[PDB]
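>
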Amino acid sequence: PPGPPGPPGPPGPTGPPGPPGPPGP
Amino acid sequence: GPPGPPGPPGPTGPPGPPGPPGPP
Amino acid sequence: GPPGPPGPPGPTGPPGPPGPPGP
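Chains as they are written, first to last, in the working numbering: chain A, 2 to 26; chain P, 11 to 34; chain Y, 601 to 623.
As structure tokens, then:
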């Protein structure tokens, strides 16, 4: 019969940049 | 026997980097 | 039966945090 599932895949891609910050004081 | 199935997807990747500075 | 291969990549991470406030 089939062997067991493989292990987990790698961590996915890093997310995209954050939004720009707020207006300077 | 034949191979097992592929495994599950991995974990969610790290968060992205900080955005740029805001307006002046 | 030998193990299956590794899983596919996981999902893309969330957006980062906001930038700092400008000048």
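For each residue, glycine too, the CB sits at the ideal point set by N, CA and C.
Considering only their Cβ atoms, is the gap separating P12 of chain P from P3 of chain A smaller than 8 angstroms?
yes
> Within 10 angstroms of the Cβ of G25 of chain A, are there 16 or more other Cβ atoms? Answer buried if so, exposed if not.
exposed
> Taking C-beta to C-beta, are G29 of chain P and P12 of chain A nearer than 8 angstroms?
Their beta carbons are not under 8 angstroms apart, which means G29 of chain P does not touch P12 of chain A by this criterion.
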